[PDB]
Structures are given as C-alpha cells and as structure tokens.
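Residues per chain are reported as follows:
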Amino acid sequence: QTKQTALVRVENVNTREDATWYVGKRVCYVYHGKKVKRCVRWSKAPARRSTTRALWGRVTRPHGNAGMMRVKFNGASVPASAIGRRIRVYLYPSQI
Amino acid sequence: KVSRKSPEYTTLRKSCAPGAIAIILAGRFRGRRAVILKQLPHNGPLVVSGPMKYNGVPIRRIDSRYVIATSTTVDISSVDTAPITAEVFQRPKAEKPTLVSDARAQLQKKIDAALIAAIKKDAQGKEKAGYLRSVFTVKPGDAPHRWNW
Amino acid sequence: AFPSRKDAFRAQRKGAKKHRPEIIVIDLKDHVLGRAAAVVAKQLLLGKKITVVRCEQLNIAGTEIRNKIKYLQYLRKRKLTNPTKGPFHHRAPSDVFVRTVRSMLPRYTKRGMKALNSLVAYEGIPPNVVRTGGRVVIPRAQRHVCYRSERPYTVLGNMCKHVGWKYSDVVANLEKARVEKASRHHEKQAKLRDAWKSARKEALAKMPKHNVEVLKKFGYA
Amino acid sequence: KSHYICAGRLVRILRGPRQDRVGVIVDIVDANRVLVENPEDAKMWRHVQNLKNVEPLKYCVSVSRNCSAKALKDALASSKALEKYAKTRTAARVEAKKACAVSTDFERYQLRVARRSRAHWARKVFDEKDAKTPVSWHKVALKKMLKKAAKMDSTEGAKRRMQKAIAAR
Amino acid sequence: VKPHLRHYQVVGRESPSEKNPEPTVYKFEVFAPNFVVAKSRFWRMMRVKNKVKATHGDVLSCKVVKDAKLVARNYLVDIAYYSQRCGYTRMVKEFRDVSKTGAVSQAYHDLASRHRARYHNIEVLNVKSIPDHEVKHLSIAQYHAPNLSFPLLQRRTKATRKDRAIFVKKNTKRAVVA
RNA sequence: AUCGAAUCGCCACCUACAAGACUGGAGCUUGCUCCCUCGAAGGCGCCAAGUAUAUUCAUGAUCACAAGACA
RNA sequence: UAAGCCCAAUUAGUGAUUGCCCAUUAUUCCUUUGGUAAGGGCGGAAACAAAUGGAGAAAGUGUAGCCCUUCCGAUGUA
RNA sequence: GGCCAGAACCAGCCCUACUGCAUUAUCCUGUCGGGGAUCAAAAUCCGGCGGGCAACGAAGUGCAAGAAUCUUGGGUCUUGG
Ligand SMILES: [K+]
Ligand SMILES: [Mg+2]
Ligand SMILES: [Mg+2]
Ligand SMILES: [Mg+2]
Ligand SMILES: [Mg+2]
Ligand code: NA
Ligand code: NA
Ligand code: NA
Ligand code: NA
Ligand code: NA
Ligand code: NA
C-alpha cells in the first residue's frame, strides 16, 4: 500500500461522475486523544478546548467507476486506526 | 480590460451576483440562507446580509468558496450598498490585551430595512421571506452532487 | 454482555439515556449464501454493525444431497493427532453463515477481527430483533434474481439438520409463534393505519390550495 | 400484469439514453431484440431495442409486422394509446421524477412546506377523529382507564384527599 | 449492441510488370473489425487463390459497405471453419437479424460457442437475406408467425446505475445503504 | 466521579407474511378486452405547532471537531 | 439469471473511434552524483559611513566543490 | 514571526468541454412484374424502369490542425512566485 493517498467512500456517491463533483472539497477525520491539547481559537473560544482533534485533507480524484475518491491529507498521512471510521466531506470550496 | 491593480477588478463567478440568495456553508451561520449584497473591492470577500430579523445573519463578509449561490434572486437595486465599504469591517489594532458600535448598528438597520422592502416588492415575496427563514441541512439519503440549485 | 456495575453506575452518574448503535438487520430468507456473505463482508470492513436473521432460510445452488456431501467432506477434515484444536465444524445455519463471512475477511488481523465481531447472526427472528426496525434485503443476492428457477436449490436449514444441527424443530416452532403473534398485531392497528390514510385524504381539503398544486406537480397528490 | 411482447405493444424504455420513453414494438427480430418506434417522440425513430430494456404496457395498437411509419402514426392516433397512458399513475410518476431531478433549491423548499402543511392538517384531522372514537395508543389507554379510575375516585376517601391537596395548591 | 464486424469491400490487383502489363482487378468481401484486418484477409485470399503476395500487389479501395435500413430479416450465412481433428467443416446456418454485419457477427459468436472456432480459422462464403418460405430450420421459422407474442418472464431487471443500492428495505423501495 | 472526548434520522403508520412462470379484480378469446383504488413512493422530520399578520439573533469580526446534540 | 467455457465490447442501433486498478517501466518535475561532458563570468561598471538592502566573485582535476546555465548516464558477484 | 490554515491572483505544466474535411450506391425512394402468406392484405424476397442526400444529434467510416482569449472549465498539499 501507498499510505500517502487514502480511499474514501461517501454515502449516495455510487458513480464516477458523482465523485468528480467532490474533487477539491475539504475532507476531515475527527477523533480524540487522551489529553486536551491546543486547538484553533484556544484563547478566542475556550469552549472549543477538548480532547477532540481533526485531520484535514482534500479530494484529489475519483477511484474506479463506483463513486470512490482519493484523498490527500495535509502534510502527513491519515493513521491506519482511521480505517473503517467516519470521514467528513464538506461542501466547500464551492463551485456553485 | 479592467487592470488587476484597480479596485474594480474581479474574477467572481456570475452565480454569486448581488441579489442572489446564498446558502452559507461554513462559519457560525452555516446552513442559513443569506442575500448577497456586493463584493468588496480588489476581488475581496462577498458581503452577505440575509435579513437579520429573518435568519439572524448580520452584515458579514464571506468568501465565495463558502457559499452556494442559488438561482433564486431578489432585486437589490433599491438597496444602497454604497455605505458597505472595506473600512466598515476594519478593527483597531490591539495593544496590551452583544457589543455593536453605533455605526455598525445604524448601517445594518438602514440596509436591512431596504432589503426587507425589496423582498416584499417581489412576486413570491412571502415565499421568499420564508425561504430565507429556512435552514439547509445534509440529511441521510441526500445527493447534493445530483442537485440543481 | 451483561453490563458491569461500574458501567451501570457511570450511566447513572452521566445521566445519559438509553443508547442503541446504528445496526442494520438483514432478513436472509431466500438469499444466496456466498453472494450475501460477500456483500456483508465488505460492509463489515466498512465499519457497519450488521445483524442477520433467518439464517436457516439461506439458499445454496444445487441439490440438497450434493450440498450435504460437500459439508461431510468438510466435516472429515480434522487434525488427526489431536482432533481438539483441529478444525471446528459448526452445524447451525447462522454458524455456517458466520464461517462463510469469516473466510471472506482477513481473520488473522486485529482489523478483520473487529469486522467479524460486528456481525450477529440468528436463526429466525428473536424477540430482541423483531421490533427494532424494518428489515432489509440484498437485491443482488436474492434467490429469485440469482438462480434460474428450473435448477434445484437447497435451504441451508434442511441441509444443516442432517449433518448435526439439533435445533431445527425448535426454530420452526419459534418462527411459527412469531408470525402468529405478528399477524395478530398486524390485524390490529389496521384501524389506526386506515385512520392515518384517511387523515391524509382529509388533509388535502383543509390545506392551502397552492400547496396542493405543489404536491401534484411533484407527484404527491 | 405481464403484457405480451407483440407487434403493436407499447413499451417503456428501462435504462440507457432513451430511459423512460415510450415506443411501439413494430417488429420482433428474435428472442432478445425488437424494433421499437414512436412517431410522436423526436428521439424515438425506428431502432433496435434489447428486450431486457423494455417494459410492456397495457396498450397495444393495431399494426402489422414491419409496418410503415404512416401506418403506425395513424394507428397510434386512432387508438389513443398515448393519451390513455398519460393519464395513468405510473406516467404521472415518471413526469414527477423528471420535475424533481431539475428542481432548484427554491422548488425543493416549496415542496417541503407543501408536505409539512399536508402533514400538519393530517395531524389535525386525526386528532378530531381520535377524540371521537379512540384509535391511538394514548386514547385507547385513556378509555380503558376512565372506567376504573371513576370507580376508585367515587369513594369518599378519594374525594377528601383530592379536596385537601387541591386546596393546598 | 452494434456489431463488432464491419462489411468491407477490398479491391486490389498484382502490381503491373513486364509479365503482366494489365493485371486482373479483384473485388473481395470480408467482415472484419477494422480495415487493417480487412486488408490482411484480402491478401490472404490473393496469395492462396491467385498466387499474389501483398508485397507484389496494390490495393485499389478498402471502403466499408453501407448497411441497409434495419428490418427484421432472415439471413443465410454460408460459413466454414478449420479444426485439426476434422479439417474444414462448411455449414449453412440461418439467423434472425437486422443487418448483414449483425448476422455475420452472430455467426462468429455462434461458431465460437458451439464449435470453439476463432476468427482466423473461419471463412465466410456467402451471406444473404432469404424469404420466410425458404427457411428450413424450425427455430428461425417460428418468428414468421403473423401474430407472434410472448410474455417476458424470469427477467432480472437491474436498477439504473445512479439508483442502485446495496441494502434495501424488504418490502419497500427505500435504500438503507446506497 | 474522574470524564474533555470519536459517533450526528426519528416514529406507538416500516418495525407482519408470502410470491417473482407474478399477489388489484373480472371475461373468454388465453392474450387480448374490460372495471377499479389505474398496479414505480412506509410515514414523518430539514427552523412560525404552520404557510400567514409575524419575531431575538451581530463584535463568535472570512474556513477551522457543530463553540452544540434527550428530535 | 456464474464469480465456469468460447467469442465480443466500454456506458451501447444515440448520434463515432481512452471503463477501471496495480510497477524501482514510460513522460515530466525537484534534488544528488559522475562525465570522452557543452557553454558563459572572473582587467571588481559607477555609486553607496555608523547611530538606522546584505554578502560573495579562487584562471580552477579532486574541498564547505571559484560562480552560474545546459545535456546525458546512475543497479551489479568475482 | 522562520509557525498553522483559507482564499486571491501570476508563469509553466497536467486534465477535460467545444469539430471540420472527405466518404456512402451491396444504399434510399416511387412505380410495374413476379413471389409470398393471409379471412383479405401488408411485409420478408427477386427483377425492370424513373428520380435520389437515409443527411450533419445521418453513419458507431477514413483523417481531424477546433488559440479554455473571446465564451471567468478544473488541478497543482505533484512546481515556483
Ligand atoms: K553536476
Ligand atoms: Mg496432524
Ligand atoms: Mg465539538
Ligand atoms: Mg556501481
Ligand atoms: Mg436519425
Ligand atoms: Na463459526
Ligand atoms: Na480468505
Ligand atoms: Na425472452
Ligand atoms: Na424464460
Ligand atoms: Na583546484
Ligand atoms: Na542529472
């Protein structure tokens, strides 16, 4: 396997033309750690402080004919403990 | 022909035109529908103010990548939109570090009063007023990639 | 299984309500064994919690005699030096389905064991599964679209009964009482169902006329 | 029902670029193919259709095998098969499916308030009927308890405790 | 589906020389996937029949012959194939198709399934459309009935690729996983 | 009681059953005709308890785990 | 109603001639290293203090390679 | 700020959209004769004769050079600003 690129299957995306709509969209993997660490708006929004963390990426291209996508995560690769877990595909950056 | 250095330069898509009702995709007011008022100079962020009495969105500047500009529009020509300048959103610099200033409160009141009148004057004004009160969500079974906006 | 007292006390401390995970219940009646197993195995690797019921009604292509012989050839494979710790030959139809799915998973990895542990299999539909929600089917693994009806097929329960499964009549009696109880409750509640259908008819006369026009345009009236 | 594949049978195309369109069988090639045509549709000239892609309808015009284009046009008009078909429930469902595919965010909202307005008035109508003759769980439960509770509250001890602890409020 | 073979008319001759100042021009009929295979089959016939090599000849035309309008017809295909065991086996078969190319493409799929014959071991001798009254086989003549009808039974109707699902509720159309 | 978490569709209308050589019902002519509820939707839910006369939303300042979640 | 065998396609009698997945391969981009390597510059252009544009510039096989541009090759037992 | 992230634009690359020229005839029509099968036809089919473009979303036939600027495609966390 080549861990630099991930495969994400989105609900109700079952064709290759379906997965082309999502190219360039932002992709996020939400998990939690053991300790509360720094976040965005650690000072501006202290309510955000939590063990929750997210890893961000972008959809690069579809994969196969059945609505799969290739996702590249920022800098690093997504952990293998994320396999079979929920991934968030956002509607931005918007082309509409 | 407009030079890139000029304040009039823009590469914004034609769907994000003034008067277009847009779905806010991110930020505090995500899911809300707002009315696109203008684009700030130098290819700046869009200024959306969905009537704050309808959905609670104030006069805020948003990026065009975080908005879905729909094909349903509202005539904004009556709304001045001139006093909404890039200096309206500038803040003083902080040294050794809800509340709304009078200038921002009066600008919001004057713009939204002319915006509400514009929506009323339009046919399907009642439907479009309740359209702006609705909230967009992604539900189970939804396929936004197949939709037309 | 049975919750610890620590788990029960923390629920009281947290004050949380009852929780049920997102579980898909599949009615495996008239489903091809290996096609349903392949579909379920992929879904388990995709993080799905799946319960399969009526595993006694799965189908295998071919005569019941040839499929019985295929199990008896499986049953004859055992570690000669120590039959214990050898292959374990399970006779229940749900155990046959679970073994089939297990062979379609990476069983010797922590990830393939997680997927297998998310599958629950039953004979019939037990009481804890009846009222949980609507059962689903796999259209691409259903017998009436997968076999030519001229060819013989076997029901997994009948084949398993003659290789060492002792609870065929228990499940048959339990399933008989289940449909008897479910049809009694379906005969009841028909007044409630007819009352809701007529309310949706009477609603069309009370609701705004322009909203009825929208309903007709999109085929809802 | 299962309608026979015959010369003159109206069919609906199941999948492909001609999906949801209606034509007439006109001719049968073998066990797998037919020669569908519909003069009143611009995209449905005479062509070969696989019999897996067609759905026979209840209408059958009176034509012969390998009929002329003029003969089918006259038969289709006189038989009124297309006018009859358009009034069916499955024909209105195909049109409604096309309206939903091209619907904008405003028409999706307008449908949402239409189905919520119908649901609201169904709830209002159900409440009126439910009050008259109990059919819901809470109204049937109340009617089973009303007699027993009346017996229990008919006693003097019940009446006194009610009076004492109502006056305290 | 449209036929995988095309109707080709290759016209050629041997290159004029001192021995043959005016060579004979030959017209050849072939059903091939493309014109490169069509020219290859043309020069195979020229070599084994007229003793003319592709290197000593030239091709005058290699155009495709236009199909007639699509009509349900009976096609007589005179075809031959080679096997090591039996040698050359020539058969005449009837097919129900709408075009000459479709009938020949059907005959190639027929010879492949029933006799394990590949394209380069098969030689088409003649294809023509015959009337209903010259059909010998009962399997073809059963489609000549003036009122021929049949129900579509045992049909596996797959959903539109956009609307196909994995898990569907048992007696509803609602998709649980899609 | 540490404990901050990942999860993001509810139902007391699906949550009964069976069949795909067919299960809306008839006729005889047995593949066509006729009747109906016309044989391609489980109900809701997606911001006014309902389609109207309306109402607080900001400064959380342009994305950031939804800064919140007993529907 | 193969997930078997033979043949045949690429979203299918619609309107043309690239379905998809995997390399230490191919194309291209970045960097290293070595050439039977190919070229340019190297006579300090002029001007310019701190408090408040910079530094370097070796006639050179090999160095922290005099500097810059360019092209090609790169695995390997004894 | 030499840190993290988002959008703008530049240049270069990498993808897609947008198509013309030639060709057709063993073809397209109409009409006579035959032939066919019907309750009667029509059609499939074979000949003579008269016209011809099956017509550019006609044909799955040969080659296509169409400035993503007009007419705001997409990507570059695969490049450097
Ligand atoms: K070098
Ligand atoms: Mg042993
Ligand atoms: Mg959170
Ligand atoms: Mg070496
Ligand atoms: Mg045409
Ligand atoms: Na087992
Ligand atoms: Na395995
Ligand atoms: Na058939
Ligand atoms: Na059949
Ligand atoms: Na030196
Ligand atoms: Na190099």
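- In terms of determination method and resolution, the entry is listed under cryo-EM at 2.93 Å.

## Examining the sheet that holds strand β1 (residues 20-24) of chain B
All names here are of chain B.
Point 1. On the basis of which strands lie adjacent, the open sheet formed by five strands has the order β4-β3-β2-β1-β5 and antiparallel pairing. For this open sheet the edge positions go to β4 (60-62) and β5 (67-73), each flanked by a neighbour on one side alone. For this sheet the average axis-to-axis angle between neighbouring strands, irrespective of direction, equals 45°.
Point 2. As paired strands, strand β3 (residues 46-48) and β4 are joined by three bridges and run antiparallel to one another. Pairing of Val 48 across the sheet is with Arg 60, part of β4.

## Considerations on the pairing of strand β2 (residues 49-53) of chain C
All names here are of chain C.
Point 1. Judged by how many residues are buried, β2 sits mostly within the fold: four of five residues are covered.
Point 2. Pairing between strand β1 (residues 23-27) and β2: five bridges, direction parallel. Bridge assignment links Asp 27 to a residue of β2, and that residue is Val 53.
Point 3. Considered for its hand, the β-α-β crossover made up of β1, helix α2 (residues 33-45) and β2 is right-handed.
Point 4. Judged from the three bridges that link them, β2 and strand β4 (residues 119-121) form a sheet pairing that is parallel. By the bridge assignment for β4, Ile 50 is matched with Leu 119.

## A look at the side chain of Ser 94 of chain C
Point 1. With respect to the element layout, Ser 94 of chain C can be found in helix α4 (residues 93-102).
Point 2. Contacts of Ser 94 of chain C, omitting those with residues within four sequence positions, involve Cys 55, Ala 121, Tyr 122 and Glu 123 of chain C.

## A look at the nonpolar core
Point 1. Ranked by internal contacts, the top residues of the largest apolar core, which has 37 residues, are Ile 26, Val 40, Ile 50, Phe 97 and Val 101 of chain C together with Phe 167 of chain E.
Point 2. In terms of residue count, the dominant contributor to this core is α2 of chain C (eight residues).
Point 3. If sequence neighbours within four positions are ignored, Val 40 of chain C has contacts with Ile 26, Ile 50, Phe 97, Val 101, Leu 119 and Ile 138 of chain C.
Point 4. In terms of nonpolar packing, the next biggest core, distinct from the first, is built from 31 residues, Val 37, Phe 42, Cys 62 and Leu 111 of chain E among them.

## Some points on the environment of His 144 of chain E
Point 1. Along the chain, the position of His 144 of chain E falls in the loop between α3 (138-141) and β7 (167-169).
Point 2. Separated by 61 residues in the primary sequence, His 144 of chain E and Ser 83 of chain E place their C-alpha atoms 35 Å from one another.
Point 3. With residues up to four places along the chain from it excluded, the contact list for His 144 of chain E reads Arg 65 of chain D together with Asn 74, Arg 96, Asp 132 and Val 135 of chain E.
Point 4. Of note is the side chain of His 144 of chain E, whose polar atom sits 3.5 Å from the backbone oxygen of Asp 132 of chain E.

## Description of the protein's contact with RNA strand H
Point 1. Of all residues adjacent to RNA strand H, which total 41 residues, the nearest are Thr 11, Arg 65 and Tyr 66 of chain B together with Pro 3 and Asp 67 of chain E.
Point 2. At the protein interface, 71% of the atoms of RNA strand H within 4 Å belong to sugar or phosphate.
Point 3. At 2.4 Å, a backbone N or O of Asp 67 of chain E approaches a base nitrogen of RNA strand H.
Point 4. In the environment of RNA strand H, a base oxygen lies 3.1 Å from a nitrogen or oxygen atom belonging to the backbone of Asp 132 of chain E.
Point 5. Only β1 (6-14), β3 (57-64) and β4 (73-83) of chain E provide two or more residues apiece to the surface near RNA strand H.
Point 6. A per-element tally of the surface near RNA strand H places β1 of chain E first, with four residues.
Point 7. Residues of the surface near RNA strand H, tallied by class, amount to twelve nonpolar, 13 polar and 16 charged.

Basis of the calculations
Residues numbered from 1 in each chain as written, not as in the entry; some residues may be left out. Chains lettered and ligands numbered in written order. Part of a larger assembly, values for the part shown. Heavy atoms only, no water. Residues with missing side-chain atoms left out of burial classes, pairs and counts. Pairing = 2+ DSSP bridges. Helix = DSSP H or I, 4+ residues; strand = E, 2+ residues; numbered from the N terminus. Axes fitted to C-alpha atoms, helices over the stretch in contact; angles between N-to-C directions. Buried < 20%, exposed > 50% of the residue type's maximum accessible area, 1.4 Å probe, protein only. Right-handed = clockwise from strand over helix to strand, strands pointing away. Contact = heavy atoms within 4.5 Å. Core = buried A, V, L, I, M, F, W, Y, C linked by side-chain atoms within 4.5 Å. Polar contact = N/O pair within 3.5 Å; in protein donor to acceptor, adjacent residues only side chain to side chain. Near = heavy atom within 4 Å. Nonpolar A, V, L, I, M, F, W, Y, C, P; charged D, E, K, R; others polar.

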